[PDB]
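Asker: Take this structure first; my questions come after.
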Amino acid sequence: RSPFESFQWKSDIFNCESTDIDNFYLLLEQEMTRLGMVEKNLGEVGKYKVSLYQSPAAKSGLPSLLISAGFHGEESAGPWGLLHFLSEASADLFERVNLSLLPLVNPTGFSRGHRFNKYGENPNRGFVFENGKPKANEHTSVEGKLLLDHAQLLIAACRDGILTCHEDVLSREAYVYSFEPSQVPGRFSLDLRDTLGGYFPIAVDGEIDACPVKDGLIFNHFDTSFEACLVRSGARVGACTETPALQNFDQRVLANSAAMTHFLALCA
Ligand SMILES: [Zn+2]
């Protein structure tokens, strides 16, 4: 499917269109302000800021975990899923974890309902790991460059876990890419897979790219994506969940919220 094809859904959970970025930010601000989270602006893309939000007064006894969403503008259940999750959270959460968020990496694609940003770039690629260091290549987008410029901040934010919430518009079946320092998947991988399995049928088999999925899982597959790069940079575990964008939008929002919840429980 074309990376400029526009996808839009109605959510009765939020009573709005999935591309309603103005409403998205209004609720995001309210939830961030209620939680006491600190904004760290990384830069701008087409008039929108791309910001990292962080829980205040991080403690070294707690794990530092990063949840990111909205690298691809048509995968809007990720960002709205994050809003859902936050609406159900209290500042008490920050006693269990040092949470950092990238709630919407690709705002220009998100307001248009399409995968690429409005400049025809793919914000989720071009993160190469060379000479023991994260680096850009010719595919790194404006957003990726902003993320790479803050590589040290982001590695620190996700040393104990990186979850990125994606969606697959070509799929009716859920699946998850995971990274664990093991030849075989463990509870981390299997629990996320099962959480999605509670909302959707699972990608029992096939291949996404040259990558085989078995029982909803793609394990330790390294590419030039933000997640793989951060895991190579030192993120102890990583997961990129894929909810199926051919299913009901609010189910995806709830699935994305459940996965974030489970991710935090598994890593805390
Ligand atoms: Zn994606």
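Within each chain, counting starts at residue 1; across the structure tokens, chains are named A, B, ... in the order shown, with ligands numbered 1 upward in that order.
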Pick out the residues no farther than 6 Å from ligand 1, counting only C-alpha atoms and all ligand atoms, and list them as a PDB file with N, CA, C and O atoms, in the first residue's frame.
Answerer:
```pdb
ATOM      1  N   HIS A  72       4.612   5.922  12.366  1.00  0.00           N
ATOM      2  CA  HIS A  72       3.883   5.836  11.114  1.00  0.00           C
ATOM      3  C   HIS A  72       2.488   6.385  11.296  1.00  0.00           C
ATOM      4  O   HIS A  72       1.749   5.893  12.144  1.00  0.00           O
ATOM      5  N   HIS A 166       3.248  -0.080  17.182  1.00  0.00           N
ATOM      6  CA  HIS A 166       2.962   0.081  15.771  1.00  0.00           C
ATOM      7  C   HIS A 166       1.681  -0.623  15.421  1.00  0.00           C
ATOM      8  O   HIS A 166       1.071  -1.314  16.258  1.00  0.00           O
ATOM      9  N   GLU A 167       1.236  -0.387  14.196  1.00  0.00           N
ATOM     10  CA  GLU A 167       0.085  -1.088  13.653  1.00  0.00           C
ATOM     11  C   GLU A 167       0.384  -1.532  12.233  1.00  0.00           C
ATOM     12  O   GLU A 167       1.218  -0.956  11.574  1.00  0.00           O
TER      13      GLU A 167
END
```
Asker: Taking 5 positions as the minimum chain separation for residues in the same chain, which residues sit within 12 Å of residue A:257 when counting only C-alpha atoms? Answer as a ChimeraX atom specification.
Answerer: /A:67,69,77-89,163-165,192,195-196,199,241,243,250-252,262-264
Asker: Based on the selection just made, write N, CA and C atoms of those residues as a compact mmCIF listing (two decimals), in the first residue's frame.
Answerer:
```txt
# COMPACT_ATOMS: atom_id res chain seq x y z
N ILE A 67 8.34 4.24 26.12
CA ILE A 67 7.29 3.79 25.21
C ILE A 67 7.17 4.84 24.11
N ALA A 69 5.35 5.81 20.18
CA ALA A 69 4.25 5.53 19.29
C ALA A 69 4.26 6.55 18.16
N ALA A 77 -3.82 4.04 16.31
CA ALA A 77 -4.22 3.39 17.56
C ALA A 77 -3.06 3.37 18.59
N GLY A 78 -1.81 3.43 18.12
CA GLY A 78 -0.65 3.56 19.04
C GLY A 78 -0.71 4.79 19.95
N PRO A 79 -0.61 6.00 19.36
CA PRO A 79 -0.77 7.27 20.07
C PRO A 79 -2.06 7.36 20.89
N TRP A 80 -3.22 7.07 20.28
CA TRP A 80 -4.50 7.14 21.03
C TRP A 80 -4.54 6.08 22.14
N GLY A 81 -3.92 4.94 21.85
CA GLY A 81 -3.74 3.90 22.86
C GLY A 81 -2.93 4.40 24.03
N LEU A 82 -1.92 5.23 23.77
CA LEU A 82 -1.11 5.82 24.84
C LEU A 82 -1.95 6.79 25.66
N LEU A 83 -2.82 7.56 25.00
CA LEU A 83 -3.69 8.47 25.72
C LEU A 83 -4.62 7.69 26.63
N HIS A 84 -5.16 6.59 26.12
CA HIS A 84 -6.06 5.77 26.90
C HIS A 84 -5.36 5.29 28.17
N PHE A 85 -4.17 4.74 27.98
CA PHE A 85 -3.35 4.24 29.07
C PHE A 85 -3.05 5.30 30.12
N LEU A 86 -2.74 6.52 29.69
CA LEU A 86 -2.41 7.59 30.61
C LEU A 86 -3.62 8.04 31.39
N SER A 87 -4.77 8.05 30.73
CA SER A 87 -6.01 8.47 31.37
C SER A 87 -6.28 7.55 32.55
N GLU A 88 -5.85 6.30 32.44
CA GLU A 88 -6.02 5.34 33.51
C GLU A 88 -4.86 5.29 34.52
N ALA A 89 -3.89 6.20 34.40
CA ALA A 89 -2.71 6.20 35.26
C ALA A 89 -2.70 7.32 36.29
N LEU A 163 9.60 -0.15 24.42
CA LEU A 163 8.42 -0.64 23.73
C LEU A 163 8.08 0.39 22.70
N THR A 164 7.83 -0.06 21.48
CA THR A 164 7.33 0.84 20.45
C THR A 164 6.00 0.25 19.93
N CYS A 165 4.96 1.08 19.84
CA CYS A 165 3.63 0.60 19.47
C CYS A 165 3.22 0.94 18.04
N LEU A 192 3.63 -10.43 25.99
CA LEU A 192 3.16 -9.40 25.07
C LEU A 192 2.35 -10.03 23.94
N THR A 195 -0.99 -10.96 25.32
CA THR A 195 -1.83 -9.78 25.58
C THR A 195 -2.56 -9.36 24.30
N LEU A 196 -1.83 -9.26 23.21
CA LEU A 196 -2.45 -8.93 21.91
C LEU A 196 -3.42 -10.04 21.50
N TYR A 199 -7.02 -9.75 22.35
CA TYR A 199 -7.89 -8.85 21.57
C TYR A 199 -8.05 -9.29 20.14
N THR A 241 5.21 -3.89 19.11
CA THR A 241 3.93 -4.57 18.96
C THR A 241 3.26 -4.08 17.69
N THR A 243 -0.53 -4.17 16.26
CA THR A 243 -1.95 -4.45 16.25
C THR A 243 -2.48 -4.36 14.81
N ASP A 250 -11.24 1.16 18.13
CA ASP A 250 -11.22 1.19 19.60
C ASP A 250 -10.67 -0.08 20.25
N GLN A 251 -10.84 -1.21 19.59
CA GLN A 251 -10.22 -2.45 20.05
C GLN A 251 -8.71 -2.33 19.98
N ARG A 252 -8.22 -1.65 18.94
CA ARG A 252 -6.78 -1.44 18.77
C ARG A 252 -6.26 -0.49 19.85
N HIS A 262 1.12 -4.17 30.23
CA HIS A 262 1.85 -5.41 30.39
C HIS A 262 3.37 -5.20 30.27
N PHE A 263 3.78 -4.35 29.33
CA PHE A 263 5.19 -4.02 29.14
C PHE A 263 5.78 -3.50 30.46
N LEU A 264 5.10 -2.53 31.07
CA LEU A 264 5.50 -1.97 32.37
C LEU A 264 5.53 -3.00 33.52
```
Asker: Which value, in Å to one decimal, gives the distance between atom CA of residue A:64 and atom CA of residue A:224?
Answerer: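 Distance reported for this atom pair: 22.7 Å.
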Asker: Quick one: everything within 8 Å of residue A:180, counting only C-alpha atoms, minus sequence neighbours fewer than 3 positions away in the same chain. Send it as a list in words.
Answerer: residues 185, 186, 189, 219, 220, 236, 237 and 238 of chain A
Asker: Just to be explicit: take each residue in the selection above, keep C-alpha atoms, and write the result as a PDB file, in the first residue's frame.
Answerer:
```pdb
ATOM      1  CA  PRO A 185      11.950 -16.129  23.721  1.00  0.00           C
ATOM      2  CA  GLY A 186      11.018 -15.847  27.385  1.00  0.00           C
ATOM      3  CA  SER A 189       8.058 -11.908  24.528  1.00  0.00           C
ATOM      4  CA  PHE A 219      12.427 -12.692  17.771  1.00  0.00           C
ATOM      5  CA  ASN A 220      15.790 -10.867  17.700  1.00  0.00           C
ATOM      6  CA  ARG A 236      18.114  -4.636  27.597  1.00  0.00           C
ATOM      7  CA  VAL A 237      14.813  -5.746  26.114  1.00  0.00           C
ATOM      8  CA  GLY A 238      12.694  -4.290  23.317  1.00  0.00           C
TER       9      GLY A 238
END
```
Asker: Taking the backbone alone, and naming residues the way the document does, which bits of stretch 62-103 of chain A are helix (DSSP H, G or I) by DSSP, as a list in words?
Answerer: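 Selection result, helix (DSSP H, G or I) within stretch 62-103 of chain A: residues 77, 78, 79, 80, 81, 82, 83, 84, 85, 86, 87, 91, 92, 93, 94 and 95 of chain A.
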Asker: Would you save the residues from that selection as a PDB file, in the first residue's frame, using N, CA and C atoms?
Answerer:
```pdb
ATOM      1  N   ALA A  77      -3.821   4.039  16.312  1.00  0.00           N
ATOM      2  CA  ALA A  77      -4.224   3.392  17.563  1.00  0.00           C
ATOM      3  C   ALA A  77      -3.062   3.374  18.589  1.00  0.00           C
ATOM      4  N   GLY A  78      -1.811   3.432  18.123  1.00  0.00           N
ATOM      5  CA  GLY A  78      -0.651   3.559  19.043  1.00  0.00           C
ATOM      6  C   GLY A  78      -0.706   4.790  19.948  1.00  0.00           C
ATOM      7  N   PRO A  79      -0.606   6.000  19.356  1.00  0.00           N
ATOM      8  CA  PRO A  79      -0.767   7.267  20.075  1.00  0.00           C
ATOM      9  C   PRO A  79      -2.060   7.361  20.893  1.00  0.00           C
ATOM     10  N   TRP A  80      -3.218   7.067  20.283  1.00  0.00           N
ATOM     11  CA  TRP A  80      -4.504   7.137  21.033  1.00  0.00           C
ATOM     12  C   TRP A  80      -4.541   6.080  22.136  1.00  0.00           C
ATOM     13  N   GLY A  81      -3.921   4.938  21.855  1.00  0.00           N
ATOM     14  CA  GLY A  81      -3.739   3.899  22.856  1.00  0.00           C
ATOM     15  C   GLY A  81      -2.934   4.405  24.034  1.00  0.00           C
ATOM     16  N   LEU A  82      -1.924   5.226  23.767  1.00  0.00           N
ATOM     17  CA  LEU A  82      -1.113   5.825  24.844  1.00  0.00           C
ATOM     18  C   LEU A  82      -1.951   6.792  25.660  1.00  0.00           C
ATOM     19  N   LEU A  83      -2.817   7.558  24.997  1.00  0.00           N
ATOM     20  CA  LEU A  83      -3.689   8.473  25.721  1.00  0.00           C
ATOM     21  C   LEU A  83      -4.618   7.686  26.629  1.00  0.00           C
ATOM     22  N   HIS A  84      -5.163   6.587  26.122  1.00  0.00           N
ATOM     23  CA  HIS A  84      -6.056   5.773  26.901  1.00  0.00           C
ATOM     24  C   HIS A  84      -5.358   5.288  28.171  1.00  0.00           C
ATOM     25  N   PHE A  85      -4.172   4.736  27.977  1.00  0.00           N
ATOM     26  CA  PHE A  85      -3.351   4.240  29.065  1.00  0.00           C
ATOM     27  C   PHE A  85      -3.055   5.304  30.124  1.00  0.00           C
ATOM     28  N   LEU A  86      -2.736   6.519  29.688  1.00  0.00           N
ATOM     29  CA  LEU A  86      -2.407   7.594  30.607  1.00  0.00           C
ATOM     30  C   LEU A  86      -3.620   8.038  31.386  1.00  0.00           C
ATOM     31  N   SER A  87      -4.774   8.050  30.726  1.00  0.00           N
ATOM     32  CA  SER A  87      -6.008   8.470  31.365  1.00  0.00           C
ATOM     33  C   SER A  87      -6.282   7.552  32.552  1.00  0.00           C
ATOM     34  N   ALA A  91       0.118   9.462  39.222  1.00  0.00           N
ATOM     35  CA  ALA A  91       1.526   9.735  39.504  1.00  0.00           C
ATOM     36  C   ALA A  91       2.130   8.622  40.388  1.00  0.00           C
ATOM     37  N   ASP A  92       1.282   7.830  41.048  1.00  0.00           N
ATOM     38  CA  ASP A  92       1.765   6.655  41.770  1.00  0.00           C
ATOM     39  C   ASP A  92       2.591   5.750  40.843  1.00  0.00           C
ATOM     40  N   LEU A  93       2.307   5.757  39.538  1.00  0.00           N
ATOM     41  CA  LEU A  93       3.095   4.947  38.581  1.00  0.00           C
ATOM     42  C   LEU A  93       4.612   5.221  38.684  1.00  0.00           C
ATOM     43  N   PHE A  94       4.971   6.477  38.944  1.00  0.00           N
ATOM     44  CA  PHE A  94       6.361   6.893  38.958  1.00  0.00           C
ATOM     45  C   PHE A  94       7.141   6.458  40.180  1.00  0.00           C
ATOM     46  N   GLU A  95       6.475   5.769  41.095  1.00  0.00           N
ATOM     47  CA  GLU A  95       7.159   5.156  42.197  1.00  0.00           C
ATOM     48  C   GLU A  95       7.613   3.731  41.819  1.00  0.00           C
TER      49      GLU A  95
END
```
Asker: What does the distance from atom CA of residue A:54 to atom CA of residue A:229 come to in Å, to one decimal?
Answerer: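 Separation of atom CA of residue A:54 and atom CA of residue A:229: 20.7 Å.
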Asker: Closest to residue A:202 among A:174, A:184, A:147, A:265, using only C-alpha atoms?
Answerer: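 Among the listed residues, the smallest separation from residue A:202 belongs to A:174.
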Asker: Could you pull out the strand (DSSP E) residues of stretch 107-210 of chain A, going by DSSP on the backbone, and write them as a list in words?
Answerer: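 Result set for stretch 107-210 of chain A (strand (DSSP E)): residues 128, 129, 130, 133, 134, 135, 161, 162, 163, 164, 165, 166, 167, 168, 175, 176, 177, 178, 179, 207 and 208 of chain A.
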Asker: Residues at most 6 Å from stretch 112-114 of chain A, counting only C-alpha atoms, excluding those fewer than 2 positions away in the same chain, as a PyMOL selection string?
Answerer: chain A and resi 4-8+19+73-74+109-110+116
Asker: Export, as a tab-separated table (two decimals), in the first residue's frame, the selected residues with N, CA, C and O atoms.
Answerer:
```tsv
chain	number	residue	atom	x	y	z
A	4	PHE	N	1.58	7.23	1.19
A	4	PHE	CA	0.77	8.46	1.31
A	4	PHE	C	-0.75	8.18	1.34
A	4	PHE	O	-1.56	9.12	1.37
A	5	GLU	N	-1.16	6.92	1.28
A	5	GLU	CA	-2.57	6.62	1.40
A	5	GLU	C	-3.02	6.95	2.83
A	5	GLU	O	-2.37	6.60	3.84
A	6	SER	N	-4.17	7.61	2.89
A	6	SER	CA	-4.69	8.17	4.10
A	6	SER	C	-5.73	7.23	4.71
A	6	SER	O	-6.69	6.81	4.04
A	7	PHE	N	-5.53	6.92	6.00
A	7	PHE	CA	-6.42	6.07	6.78
A	7	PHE	C	-6.97	6.85	7.95
A	7	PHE	O	-6.23	7.47	8.71
A	8	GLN	N	-8.28	6.79	8.12
A	8	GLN	CA	-8.93	7.53	9.16
A	8	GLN	C	-10.04	6.68	9.74
A	8	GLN	O	-10.77	6.06	8.98
A	19	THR	N	-7.33	11.10	13.09
A	19	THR	CA	-6.38	12.06	12.59
A	19	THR	C	-6.51	13.41	13.29
A	19	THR	O	-5.77	14.34	12.98
A	73	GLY	N	2.13	7.37	10.47
A	73	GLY	CA	0.92	8.19	10.66
A	73	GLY	C	-0.41	7.49	10.52
A	73	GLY	O	-1.43	7.98	11.03
A	74	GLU	N	-0.42	6.35	9.82
A	74	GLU	CA	-1.65	5.55	9.68
A	74	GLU	C	-1.88	4.60	10.86
A	74	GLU	O	-2.91	3.96	10.95
A	109	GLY	N	2.49	13.05	9.36
A	109	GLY	CA	1.82	11.88	8.80
A	109	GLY	C	0.52	11.57	9.51
A	109	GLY	O	-0.49	11.27	8.87
A	110	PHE	N	0.55	11.70	10.85
A	110	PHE	CA	-0.61	11.47	11.72
A	110	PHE	C	-1.81	12.36	11.43
A	110	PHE	O	-2.96	11.90	11.52
A	116	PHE	N	4.17	7.85	5.91
A	116	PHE	CA	5.31	8.76	5.85
A	116	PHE	C	4.94	10.12	6.45
A	116	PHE	O	3.74	10.47	6.61
```
Asker: Find the residues near residue A:98: any atom within 9 Å, counting only C-alpha atoms, skip ones fewer than 2 places away on the same chain, and give them as a PyMOL selection string.
Answerer: chain A and resi 54-60+62-66+93-96+100+157
Asker: Could you write out the selected residues, including N, CA and C atoms, as a PDB file, in the first residue's frame?
Answerer:
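Just written: out-v5.pdb:
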```
ATOM      1  N   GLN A  54       9.014  12.958  30.257  1.00  0.00           N
ATOM      2  CA  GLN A  54       9.672  12.154  31.283  1.00  0.00           C
ATOM      3  C   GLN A  54       9.077  12.361  32.670  1.00  0.00           C
ATOM      4  N   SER A  55       9.009  11.294  33.437  1.00  0.00           N
ATOM      5  CA  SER A  55       8.573  11.396  34.808  1.00  0.00           C
ATOM      6  C   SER A  55       9.659  12.162  35.586  1.00  0.00           C
ATOM      7  N   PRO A  56       9.252  13.045  36.491  1.00  0.00           N
ATOM      8  CA  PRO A  56      10.230  13.864  37.208  1.00  0.00           C
ATOM      9  C   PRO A  56      10.938  13.146  38.388  1.00  0.00           C
ATOM     10  N   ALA A  57      12.211  13.475  38.609  1.00  0.00           N
ATOM     11  CA  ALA A  57      12.982  12.965  39.741  1.00  0.00           C
ATOM     12  C   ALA A  57      13.129  11.441  39.655  1.00  0.00           C
ATOM     13  N   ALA A  58      13.781  11.021  38.581  1.00  0.00           N
ATOM     14  CA  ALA A  58      14.072   9.635  38.320  1.00  0.00           C
ATOM     15  C   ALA A  58      14.950   9.093  39.428  1.00  0.00           C
ATOM     16  N   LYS A  59      14.675   7.862  39.843  1.00  0.00           N
ATOM     17  CA  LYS A  59      15.480   7.170  40.848  1.00  0.00           C
ATOM     18  C   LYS A  59      16.214   5.954  40.247  1.00  0.00           C
ATOM     19  N   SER A  60      17.475   5.788  40.623  1.00  0.00           N
ATOM     20  CA  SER A  60      18.287   4.752  40.001  1.00  0.00           C
ATOM     21  C   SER A  60      17.831   3.332  40.439  1.00  0.00           C
ATOM     22  N   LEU A  62      14.891   2.309  40.272  1.00  0.00           N
ATOM     23  CA  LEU A  62      13.786   1.926  39.408  1.00  0.00           C
ATOM     24  C   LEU A  62      14.265   1.732  37.980  1.00  0.00           C
ATOM     25  N   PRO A  63      13.529   0.921  37.198  1.00  0.00           N
ATOM     26  CA  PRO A  63      13.908   0.736  35.799  1.00  0.00           C
ATOM     27  C   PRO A  63      13.534   1.958  34.944  1.00  0.00           C
ATOM     28  N   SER A  64      14.330   2.254  33.926  1.00  0.00           N
ATOM     29  CA  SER A  64      14.051   3.368  33.039  1.00  0.00           C
ATOM     30  C   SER A  64      13.568   2.745  31.754  1.00  0.00           C
ATOM     31  N   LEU A  65      12.309   3.045  31.453  1.00  0.00           N
ATOM     32  CA  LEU A  65      11.533   2.455  30.373  1.00  0.00           C
ATOM     33  C   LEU A  65      10.960   3.545  29.439  1.00  0.00           C
ATOM     34  N   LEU A  66      11.007   3.257  28.142  1.00  0.00           N
ATOM     35  CA  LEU A  66      10.573   4.162  27.092  1.00  0.00           C
ATOM     36  C   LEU A  66       9.459   3.530  26.273  1.00  0.00           C
ATOM     37  N   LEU A  93       2.307   5.757  39.538  1.00  0.00           N
ATOM     38  CA  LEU A  93       3.095   4.947  38.581  1.00  0.00           C
ATOM     39  C   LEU A  93       4.612   5.221  38.684  1.00  0.00           C
ATOM     40  N   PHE A  94       4.971   6.477  38.944  1.00  0.00           N
ATOM     41  CA  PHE A  94       6.361   6.893  38.958  1.00  0.00           C
ATOM     42  C   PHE A  94       7.141   6.458  40.180  1.00  0.00           C
ATOM     43  N   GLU A  95       6.475   5.769  41.095  1.00  0.00           N
ATOM     44  CA  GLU A  95       7.159   5.156  42.197  1.00  0.00           C
ATOM     45  C   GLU A  95       7.613   3.731  41.819  1.00  0.00           C
ATOM     46  N   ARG A  96       7.054   3.184  40.744  1.00  0.00           N
ATOM     47  CA  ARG A  96       7.384   1.841  40.281  1.00  0.00           C
ATOM     48  C   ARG A  96       8.402   1.883  39.109  1.00  0.00           C
ATOM     49  N   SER A 100       9.511   7.331  30.393  1.00  0.00           N
ATOM     50  CA  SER A 100       9.767   8.325  29.369  1.00  0.00           C
ATOM     51  C   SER A 100       8.833   7.972  28.227  1.00  0.00           C
ATOM     52  N   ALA A 157      17.008   6.745  28.815  1.00  0.00           N
ATOM     53  CA  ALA A 157      15.547   6.609  29.049  1.00  0.00           C
ATOM     54  C   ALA A 157      15.007   5.184  28.869  1.00  0.00           C
TER      55      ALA A 157
END
```
Asker: If you count only C-alpha atoms, which residues fall within 12 Å of residue A:212, apart from same-chain ones fewer than 5 positions away, as a ChimeraX atom specification?
Answerer: /A:175-177,203-207,217-221
